[PDB]
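Below is one structure, written out as structure tokens; the observations come after it.
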Amino acid sequence: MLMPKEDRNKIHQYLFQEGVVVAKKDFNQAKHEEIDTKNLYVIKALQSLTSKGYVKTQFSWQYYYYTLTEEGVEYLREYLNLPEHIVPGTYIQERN
Amino acid sequence: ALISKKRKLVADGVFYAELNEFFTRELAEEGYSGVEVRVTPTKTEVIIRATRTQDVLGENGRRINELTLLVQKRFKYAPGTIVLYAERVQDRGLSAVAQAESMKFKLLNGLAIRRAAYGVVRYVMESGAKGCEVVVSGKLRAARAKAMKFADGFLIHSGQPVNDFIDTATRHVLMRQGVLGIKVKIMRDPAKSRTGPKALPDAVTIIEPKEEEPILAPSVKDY
Amino acid sequence: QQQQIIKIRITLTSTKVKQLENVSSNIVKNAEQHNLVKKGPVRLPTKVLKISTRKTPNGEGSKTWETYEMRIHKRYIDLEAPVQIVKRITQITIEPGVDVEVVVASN
Amino acid sequence: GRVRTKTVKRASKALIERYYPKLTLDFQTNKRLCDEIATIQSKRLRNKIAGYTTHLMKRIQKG
RNA sequence: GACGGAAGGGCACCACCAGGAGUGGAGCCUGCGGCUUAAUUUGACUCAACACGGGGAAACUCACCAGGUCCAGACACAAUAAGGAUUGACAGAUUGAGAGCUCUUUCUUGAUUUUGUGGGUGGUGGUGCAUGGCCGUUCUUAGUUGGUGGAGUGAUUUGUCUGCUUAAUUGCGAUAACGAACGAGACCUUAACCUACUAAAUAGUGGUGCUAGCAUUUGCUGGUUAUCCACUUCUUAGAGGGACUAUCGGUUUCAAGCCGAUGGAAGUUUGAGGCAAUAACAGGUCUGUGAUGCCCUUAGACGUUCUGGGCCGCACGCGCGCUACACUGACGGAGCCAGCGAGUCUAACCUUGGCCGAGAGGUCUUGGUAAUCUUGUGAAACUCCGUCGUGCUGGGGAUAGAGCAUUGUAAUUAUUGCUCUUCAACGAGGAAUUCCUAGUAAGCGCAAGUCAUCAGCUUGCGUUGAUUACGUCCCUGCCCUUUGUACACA
């Protein structure tokens, strides 16, 4: 949906801090905790990078496990413009 | 809050059948073989004691840091508890998923409907499988009847404590021509399991005495 | 205040009664190691948590009725316990899903 | 209407081949001497086989 | 092999013969038709569809009839936005929704892709004669089978049997068979016996700290939101015993039987439950799976918004039931019984009471996330004592009418109750036709399930409890031997 991307990049802000992009199920509720934007139209750009990979997928229990893949560097050199190895392919917790 | 005595063991499955639906469905390529649930307070023991536990290090933060915060962040457990751990599963005859996932990469090629089936299961047919039951159905040949009722084993069932020795599985794959449903039944041994009842009541062995005494012109014994 | 014996209502519960009687036994046996004065093991009634539905996924045929149920086993005890015997309990008397917390009173 | 069952009928002749010269008419001490050392799996699977041992050697003295 | 209006065997309260409950009579919910409405969405139509699909449906549901906005068009690959793409819009003309639905129309609006050939596949859309998984039925049943040997060129057969018993292909006994692997049986539960235990008020005990009083016929009714708490048997089970058709007479191929009698908590696989094998139904579920091959559609949608009829519309048909035809009954007083539970979490569920008003019920309070409180579920059905009489009635409450409350943003086509107006049918019910043999047939009533509210329903829980057959092939149903078969989607 035609909607400005500081909405999306507060939520991609919520991705690279711990590693989650997860939507819930309702319409006109718009209150998911710790992803505090709308429940439904955030999906509208969340598949928009799925069509060329970039993220994994399952539905079950309508849980929306849509979390980024190994190629979460080259598009977020330009969509968040971050220096990698902070939440890229070697985001070490400590050792576990 | 203020948890009743009827709100966590009937609600065992809100977390325990959460993981068991997760790694049946998300990345069950690992050959899932249960979690060793000892839930300590403010820590979370993930033990995927599976076939591919070399993926507990991995990149040390590529996919594990997802799995720190996917099951733990959908019912929204508060972070600061989650620990991950693994170890290789073994003895691959006594587990349903061990030969099921030994068929979950053979259902594209065009192997036989029987050749892989009774060959791998003779890891335990000679070491503790008496009566098994494998049906690999779906539609392998477009007709009216689509079912292969494969029967193999040296059948001993049933005395009704059945859960002492049974494995169960059912799988699916979305191929060109519809689903292919692979449900098996693998039969563990109570004689190989070394636990509790040695065998359900068939195997009863009888020892032999000394040779019984004669009239015995007897004795002078004073120790 | 540490190490007084002031009549505490230690409460235990579990699922299968083999390991619930296990946990109570090696704590009342650990009520021997310094001899807690006590009118102790309250062999409390155990529970039945029945559901009774139709497990069929279609409404046809001679219809079906089953049950499926958890066994809440449950041992309230009348301890009289000190401050030492509550500490090491999170990984002693071990079984899958040990659950305990005690209010420090009975009167 | 409650005649006996086969897997305890055949089990005694691999069992009372051991200790024939016992198991007399009074059916109490022999009953636990039927339950003597064996690898049994319940109590009334063996009290039936002791009552099997009770009735089927009491009648040898019927000829 | 399957059949037969062929014998023979057996056995069947999903058929009888005694029975004990009866049905379909009325009215009225509750389904399935049809009726047709513009709409009565949809599957299931043979015991084996039809108080089934959780289905007691206001919205939520909802797949039909009605309307109108999001496109909720990921995008493989690319025309049109930069002196402007997408369009919300005040106030108004429409318009349930200021639904800028639509317009009257110029404020907002920027790289956030409107989309452009084509493609996500949303689908409660067809396809269980595309399906898996699952669930029923064949069958409340004894039926399967290899290892070897025997007969037959071979399909096959024998073992699994003319007898007798059984709940039984269970056992005995006969024997080209022997020895077995199954299912069943066995196994296991439970309302249980255990004052013997590891063991006692979030739980139950003789006592009695403080001891009011009837009464002195000297210990009783007792209480004491704990006083020392007296104590484990009742409450509850950690493993175990105790019962294993247990014992003698009758009759028995002396077995396999099973009874007269009875120690006993248990003599009927204890009564009843529980998972129940080989082989398959074009059984059924694609209107529960976001698992679905194909095809209709892919935003002018069969997704998805938000209010109405609906599945709740009417000669009539058939399916499950509920109140009854009263006078071992009805009304009024006295006494008074269960177990099952499920109960609030950062919200408002169960709730004795206080006080109010006749109820419906309402405000502060009583305890409880739970052997704490509900609730001692004193309820009905029940026991005892006064009032009603041959009538459609002190049985009955269909039918419509008015008023008061409760739940829900929201009650009209009425969510339910309450108080009065309306006060009927119907009198034991046709050729049609079921269930069930001891705390069970029967009587009645409370939890839970759907549950804001809506049980005339369905599981259980219970409180009180007879019968007569004591079993069998004519009707109906099923397995086995023998024959016959021009049949094999039999």
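Residue 1 is the first one shown; counting continues down the chain.
Backbone N, Cα and C atoms are what each Cβ position is placed from, and that goes for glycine too.
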What residue among C:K7, C:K16, C:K39 has an entry for ubiquitin cross-link in Swiss-Prot?
-> C:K7
Of C:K18, C:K29, C:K50, which one does Swiss-Prot label ubiquitin cross-link?
-> C:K18
Residue carrying ubiquitin cross-link as stated in Swiss-Prot, selected out of C:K47, C:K74, C:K87 | C:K87
Rounded Cα separation (Å) that holds between C:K18 (ubiquitin cross-link) and C:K87 (ubiquitin cross-link) = 24
Which number gives the other C-beta atoms within 10 angstroms of the C-beta of C:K7 (ubiquitin cross-link), all protein chains shown included?
-> 15
